[PDB]
Amino acid sequence: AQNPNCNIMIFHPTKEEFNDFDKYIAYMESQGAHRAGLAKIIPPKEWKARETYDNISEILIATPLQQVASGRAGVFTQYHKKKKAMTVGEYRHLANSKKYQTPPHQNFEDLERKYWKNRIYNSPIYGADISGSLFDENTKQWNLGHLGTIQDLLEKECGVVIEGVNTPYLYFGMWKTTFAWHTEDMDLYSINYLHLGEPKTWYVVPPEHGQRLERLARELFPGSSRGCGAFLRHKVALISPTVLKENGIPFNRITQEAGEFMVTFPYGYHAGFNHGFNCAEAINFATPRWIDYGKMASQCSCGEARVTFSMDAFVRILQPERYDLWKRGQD
Ligand SMILES: O=C(O)CNC(=O)C(=O)O
Ligand SMILES: [Mg+2]
Ligand code: NI
Ligand SMILES: [Zn+2]
């Protein structure tokens, strides 16, 4: 068995290997990358996502979100308070202000220590889930707006034609912006490209150990767990590496820098934080190996998780018994 300790693997494809996306994901899995739940892909030196980032300031962040925390430093929830619209140029100036900017630090480990000590005492503002793309249309390799769609994969594997579309999303971050513990909708893959700016630190639990994280979460968030049998779908709960280690939960960590891709694998729980002003692009995708995970994915039916149009069909075809209850949650 490849990668039996479930370590995060880092890949350096050549320009020739970067042509065929599906083939390279299958290669990484042949080497055991999915056992970690997360992999890093450094593009070949010949590749670029676009020519420059000099002209992005007029993108609108229609609904910036202030991430307000409750709890203790290592075990907290966050809620998202909606703020007034602002452009990317306005948000960058905000991120760089004395109130929000990254503090002085020695290295990524010192910054990580400062994040976990102090996150709860601040409320950073995140531009999230903004439909769009920063890949140039002429970038042919690993262009996250030109991937094969999940609806087409389900049709190729299972023969059933379904409605829905699959497009990328942009994220604009600042120091302390936080992504809560979660798996993807329908336990899909994700791919994330850090276009510019400061790094993103990730934490991940191997898929084979995901139920250990769920059991700890039910212990640490006992009201939330009574409210919903899949409350991590709400994307609000944070648990620090120190708390995970104290409770014996297997996990790994890695820092993504500008110009790098990360892939999350089906049922790989992940969480993390931004180091300073940055912009990322991400999208979900599927492979044949995903289908069995889609069929088994938990679902929130309490009403909180509320998701895209295209998840309807995935539930309807892969999880017909759950469909009626899940759809009541959506309506
Ligand atoms: O970058 C972020 O805020 C969150 N992204 C992801 O969870 C992802 O790519 O799966
Ligand atoms: Mg612009
Ligand atoms: Ni994710
Ligand atoms: Zn719920």
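Numbering (UniProt numbering), first residue to last: 11 to 341. Even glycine gets a Cβ: it sits at the ideal position worked out from N, Cα and C.
Shortest Cα-Cα distance from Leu-157 to any of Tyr-199, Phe-261, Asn-257, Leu-206 involves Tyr-199. Ranked by Cα distance from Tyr-37, the options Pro-114, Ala-323, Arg-299 are led by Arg-299.
The Cβ atoms of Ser-141 and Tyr-179 sit closer than 8 Å to each other. In the DSSP assignment, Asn-128 falls outside any beta strand (DSSP E) and within the unbroken alpha helix (DSSP H) covering 118-128.
The shortest CA-to-CA distance from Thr-87 to any of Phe-295, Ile-172, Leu-248, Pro-276 is the one to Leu-248. Our two residues, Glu-27 and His-103, have alpha carbons roughly 39 Å apart in a direct line. By the criterion of at least three beta-carbon pairs nearer than 8 Å, the stretch 171-187 is not in contact with the stretch 227-238. It is roughly 11 Å from the alpha-carbon of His-280 to the alpha-carbon of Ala-46. Taken atom to atom, the span from the alpha-carbon of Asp-302 to that of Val-171 is near 18 Å.
When the Cα atoms are used, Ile-160 and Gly-304 turn out to be separated by approximately 11 Å.
Inclusion of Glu-270 and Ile-52 in the CB contact set at 8 Å is warranted, their separation being smaller than that value. Here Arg-263 carries a strand assignment [DSSP, helix/strand/coil].
Counting only unbroken stretches of 4 or more residues, the alpha helix (DSSP H) elements lying wholly within the stretch 274-341 are 300-306, 321-328, 330-340, in sequence order. When distances are taken from the beta-carbon of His-192 to the heavy atoms of ligand 4, even the shortest one reaches 7 Å or more. With fewer than 16 neighbouring CB atoms inside 10 Å of its own CB, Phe-319 falls in the exposed class. It is roughly 7 Å from the alpha-carbon of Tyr-110 to the alpha-carbon of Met-184. DSSP, read as helix, strand or coil, puts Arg-82 in strand. Secondary structure note for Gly-220: its alpha helix (DSSP H) is the uninterrupted segment 220-230.
When DSSP states are grouped into helix, strand and coil, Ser-107 belongs to the coil group.
Remark: the C-beta of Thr-297 is outside contact range of ligand 3, defined as less than 7 Å to any heavy atom. In the structure shown, the three-state DSSP call for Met-96 is strand. Closest in alpha carbon position to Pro-276, among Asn-65, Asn-13, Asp-197, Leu-328, is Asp-197.
Ordered along the chain, residues surrounding ligand 2 are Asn-65, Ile-66, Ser-67, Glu-68, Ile-69 [Cβ under 6 Å from any heavy atom]. Note that the C-beta distance between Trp-191 and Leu-230 is not below 8 Å. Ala-290 sits close to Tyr-181, with the two beta carbons spaced by under 8 Å. Assigned with DSSP and collapsed to three states, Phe-182 falls in strand.
When C-alpha distances from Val-317 are compared across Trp-57, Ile-66, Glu-194, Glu-267, the shortest belongs to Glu-194. Nearest to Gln-76 by C-alpha distance, out of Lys-92, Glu-68, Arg-82, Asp-64, is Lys-92. If you draw a 10 Å sphere on the C-beta of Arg-243, you find 16 or more other C-beta atoms in it, and that means buried. Following the DSSP letters along the chain, one finds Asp-32 inside the alpha helix (DSSP H) bounded by residues 31-40. Any heavy atom of ligand 4 within less than 7 Å of a residue's beta carbon puts that residue on the list, which reads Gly-237, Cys-238, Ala-240, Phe-241, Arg-243, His-244, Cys-310, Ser-311, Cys-312, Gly-313, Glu-314, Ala-315. A residue is called buried when at least 16 other Cβ atoms come within 10 angstroms of its Cβ; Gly-207 meets this threshold and is buried. For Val-175, the secondary structure class from DSSP, reduced to helix, strand or coil, is coil.
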